[PDB]
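Here you get one chain, nothing else, as structure tokens; it is the form solved without this ligand.
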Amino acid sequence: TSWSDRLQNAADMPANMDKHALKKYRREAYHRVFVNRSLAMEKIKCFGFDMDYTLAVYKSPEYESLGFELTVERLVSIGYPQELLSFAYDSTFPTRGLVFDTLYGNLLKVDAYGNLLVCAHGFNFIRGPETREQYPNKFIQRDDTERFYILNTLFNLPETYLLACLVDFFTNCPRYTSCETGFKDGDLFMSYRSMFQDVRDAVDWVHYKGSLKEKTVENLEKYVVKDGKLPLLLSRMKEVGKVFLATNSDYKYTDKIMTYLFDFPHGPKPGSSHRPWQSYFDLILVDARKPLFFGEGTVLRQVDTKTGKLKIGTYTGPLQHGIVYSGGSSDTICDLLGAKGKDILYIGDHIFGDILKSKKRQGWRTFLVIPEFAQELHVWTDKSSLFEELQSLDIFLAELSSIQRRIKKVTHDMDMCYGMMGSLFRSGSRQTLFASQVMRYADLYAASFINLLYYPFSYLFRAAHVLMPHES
């Protein structure tokens, strides 16, 4: 059972909007919205969305596997060895948020301070003392963006696995000699940095020039979660505020995906007339180019929705019914909707991108969708006895060895319940960079934004005030 299986199981359920049923439902951890900073929903005047992995949650592991396969095919196409074609995506390996070290060809799981939690070279998980040879301080400077690439998006899951497969393959292929920084084949030297750049370029190519979108749209039921409660929640949002879409995707793809997402034999609820997806939005903006969107942005354009092409000219007019915009900036949204940043709840999955930038640059309120959380929460709740043991061990050690070996063992057994690279949010008792970023920049979070359906219009989401050590 993948995280998207959990999402689809919940998607198949009809909405019981009886107030006591709703109160009962959001008691359950899987239907809750979690709160890092207090948020009075009555003050939200505009609800904004990203599309990919937010409105359109791609099914796992099918979609990752498709991306993986097409990326492999592209690399072979440009000259990588035929053996790559024998690789097959394995969802049990990657966790989101890993760092690829282009100098030494390692995948690293780090905390918020750049401390090493896990280090794998290909499929070889490197123990603590061997890690010191390459990382003397068990630390990386993660903003050395020439060396380190942080694989923070769900689109980066296939390349996370592909990188490890490639390191493994070249290491074990007798044609290549393994060196500290890459592989030697006579008078050719393939650095890990060049290999990474080829992988990155290929993934980009698959998305922008290859067949990924075409293969997705030709089998939307295989690849995209669909939930009849989606128009219900969007219609409710539109009763109390404005609703907008701001997506990096182009109009043609957006239209295909959104049409699918709303393709039911009814509108907001069973028995109601179906309505086009566009009617659920006060403002639709495609080709957003986030994160540049949250700064200078790009020229505001208008989509000719008959052809899917841009009209000639920068668009200088007002918000009008039926118009679809392209490019622009976050200020476009504010201006056209008459909103100030704190009046906006922006809903998306890109934590290091949309969510961080909308918060830091514009003071928008944020809701982070974490598609994998459906599965993570299962594991967290099922294995809470392991975590509790780990807490007790840390506490007992501190108050003053055999205890350290036990801590290592429990840490490993806990982490392996999530996958080879462990939980998105931690390794044992140590939080990841990703966990830290969610706490810092996501006002609210959940496995799906559909969980807002279970809270009333003017709910006050509450978090405890943070105190300094001397104030506590």
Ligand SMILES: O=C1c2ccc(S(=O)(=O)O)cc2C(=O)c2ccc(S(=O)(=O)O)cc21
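The numbering used is simple: start at 1 and walk along the sequence shown.
One more form of this protein, solved in complex with this ligand, exists but is not displayed; see below.
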Taking this ligand in the deposited complex and overlaying it onto this form via the surrounding C-alphas, would you call the pocket open or blocked, using 3+ ligand atoms within 2.4 Å of backbone or C-beta atoms as the cut?
open
Given that this ligand is left out here, which of 33, 442, 70, 433 has a heavy atom within 4.5 Å of it in the deposited complex?
433
In the deposited complex, the one of 152, 298, 302, 235 near this ligand [non-hydrogen atom within 4.5 angstroms]:
152
Within 4.5 Å of this ligand in the deposited complex by heavy atoms, the stretch out of 270 to 278, 83 to 91, 144 to 152, 325 to 333 is 144 to 152
Indicate whether this ligand has at least one heavy atom within 4.5 Å of a heavy atom of residue 65 in the deposited complex.
no
Can you tell me if residue 352 lies within 4.5 angstroms of this ligand in the deposited complex, counting non-hydrogen atoms only?
yes
Flag residue 290 as yes or no: does it have a non-hydrogen atom within 4.5 angstroms of any non-hydrogen atom of this ligand in the deposited complex?
yes
